[PDB]
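Heads up, the chain below is alone and in the form deposited in one PDB entry; it's given as structure tokens.
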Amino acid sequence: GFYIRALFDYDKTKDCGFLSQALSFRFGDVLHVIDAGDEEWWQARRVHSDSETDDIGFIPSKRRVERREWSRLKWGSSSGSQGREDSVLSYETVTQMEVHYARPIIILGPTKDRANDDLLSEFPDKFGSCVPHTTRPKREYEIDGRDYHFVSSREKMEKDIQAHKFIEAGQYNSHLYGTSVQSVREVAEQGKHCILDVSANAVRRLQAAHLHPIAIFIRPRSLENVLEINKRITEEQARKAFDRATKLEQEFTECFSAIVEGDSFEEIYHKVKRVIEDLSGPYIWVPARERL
């Protein structure tokens, strides 16, 4: 057969009370498909972190998932311009491969900064940050190659950016800053997980660089849940956080390695550590070339 990764949560029994041989699964689960000859239902079994064998069941095909989703909502204030392109996430084919580097880490969503700081502080021999580049002139107290890799020519960095040498870059106070593929690779090859403070946009570039990251989205269940996990912010900025999170999930779900939820930061932190443990390797699942 072959392997696919679920990009949505599925549980028919919980949803409508219908009992059947349909398998239930959650976002991120790797599924071993044994027979996908039928266009509507495929035979499969969930791949555990130990025992792949457990219960052969059936999962809805990509076709079936798409048909169901399109069947939902949609003149409603039509300006006459095209709307956002219809995109239905179902599954992604994947394959197992062995890696000899520590996977970089990208935590996203509310409290990601605290999670980053705590991992860096709690496990200094396992996690570290990479050295960023900047065109800003080096200050008296700064050290080239430690605080930043100071680039004398802004022209060169702009060229390097266009050449996609940075997984992420930007401008601040009229100067350029960026996290280079090479800086991340240096940390990764030394066997340390590189804690990255970048957007989900960086996942594709890291994948292209053969530095598959563990991208973890901390998903708030509601506005109130945000206040439960981050009780150091005003309810006003909590609204923003929740909306920013909703928009992040809408646009980058396919890039996430996992999604974690909790009633407290302590629960989230615990789950983050477990996800990293589960996906660190040596054997990991990456996108395959097979197409459904």
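By rigid core we mean the largest C-alpha set that fits within 1.5 Å across both forms. In this text, residue numbers run from 1 along the sequence as written.
> For at least a third of the other PDB entries compared, is residue 48 missing from the model even though its neighbours are present?
Residue status for residue 48: gap in at least one third of the other entries.
> Would you say residue 82 goes unmodelled in a third or more of the other compared entries?
Result for residue 82: often missing, at least a third of the compared entries.
> Would you class the number of unmodelled deposited residues between residue 74 and residue 75 as none, 1 to 3, 4 to 9, or 10 or more?
Per the record, 1 to 3 deposited residues are absent between residue 74 and residue 75.
> Using only C-alpha atoms and the B-factors in the entry, which stretch averages higher, 233 to 241 or 250 to 258?
Per the deposited B-factors, the answer is 233 to 241.
> Would 262 to 270 or 41 to 49 have the larger average of its C-alpha temperature factors, as given in the entry?
Result: 41 to 49.
> Going by the deposited entry, which of 106, 157, 188, 169 has the highest CA temperature factor?
157 has the highest C-alpha B-factor of those listed.
> Highest CA temperature factor in the entry: which of 116, 82, 180, 90?
Max CA B-factor in the entry, restricted to 116, 82, 180, 90: 82.
> Can you work out whether the C-alpha temperature factor of residue 164 puts it in the lowest, middle or highest third of the chain?
Its C-alpha B-factor belongs to the highest third of this chain's values.
> Divide the modelled residues of the chain into thirds by Cα B-factor and specify which third, lowest, middle or highest, holds residue 218.
Lowest third, going by the recorded CA B-factors of the chain.
> Once the chain's modelled residues are ordered by C-alpha B factor and cut into thirds, is residue 9 in the lowest, middle or highest one?
Lowest third - that is where residue 9 ends up once the chain's C-alpha B-factors are sorted.
> Check where residue 99 lands among this chain's C-alpha B-factors and tell me if it's the lowest, middle or highest third.
As the PDB entry reports it, the C-alpha B-factor of residue 99 lands in the highest third of its chain.
> If you rank every modelled residue in this chain by C-alpha B factor, which third holds residue 111: lowest, middle or highest?
As the PDB entry reports it, the C-alpha B-factor of residue 111 lands in the lowest third of its chain.
Beyond the structure shown, there is the form deposited with a partner chain bound, which is absent from this document and is the topic of what follows.
> Examine residue 168 and determine whether its closest non-hydrogen atom to the partner chain in the deposited bound form is within 4.5 angstroms.
Yes, contact at 4.5 Å.
> Even though the partner isn't displayed, in the deposited bound form is residue 210 close enough to the partner chain, meaning a heavy atom within 4.5 Å?
Flag for residue 210 set to no.
> Flag residue 144 as yes or no: does it have a non-hydrogen atom within 4.5 angstroms of any non-hydrogen atom of the partner chain in the deposited bound form?
No.
> Given that the partner chain is not shown alongside this chain, does residue 197 nevertheless sit within 4.5 Å of it in the deposited bound form, heavy atom to heavy atom?
Yes - in the deposited bound form, heavy atoms of residue 197 and the partner chain come within 4.5 Å of each other.
> Non-hydrogen atoms within 4.5 angstroms of the partner chain in the deposited bound form: do 122, 221 and 225 all have one?
No, the whole trio is out of contact, none within 4.5 Å by any heavy atom.
> Select, from the options 92 to 100, 185 to 193, 211 to 219, 107 to 115, the stretch whose residues sit within 4.5 angstroms of the partner chain in the deposited bound form by heavy atom distance.
Checking each option against the 4.5 Å cut-off leaves 107 to 115.
> Just one of 156, 139, 204, 164 has a heavy atom within 4.5 angstroms of the partner chain in the deposited bound form, so which one?
Checking each option against the partner chain in the deposited bound form, the one that comes within 4.5 Å is 139.
> To test your reading of the superposition: with the rigid core aligned, which of 92, 118, 147, 186 moves its Cα by 2 angstroms or more between this form and the one not shown?
None of the others reach 2 Å, which leaves 147.
> Taking the rigid core as reference, does the Cα of residue 14 move 2 Å or more between this form and the one not shown?
True for residue 14: a C-alpha shift of 2 Å or more.
> Does superposing the core leave residue 174 with a CA shift of 2 Å or more between this form and the one not shown?
Comparing forms between this form and the one not shown, the residue 174 CA shifts at least 2 Å.
> Looking in the deposited bound form, decide if the C-alpha atoms of residue 15 and residue 221 are closer or farther than in the form shown; they differ by 3 Å or more.
Residue 15 and residue 221 sit farther apart in the deposited bound form.
> Are residue 17 and residue 35 closer or farther apart at their Cα atoms in the deposited bound form than shown, with the shift being 3 Å or more?
It is closer: in the deposited bound form, the C-alpha atoms of residue 17 and residue 35 lie at least 3 Å nearer than they do here.
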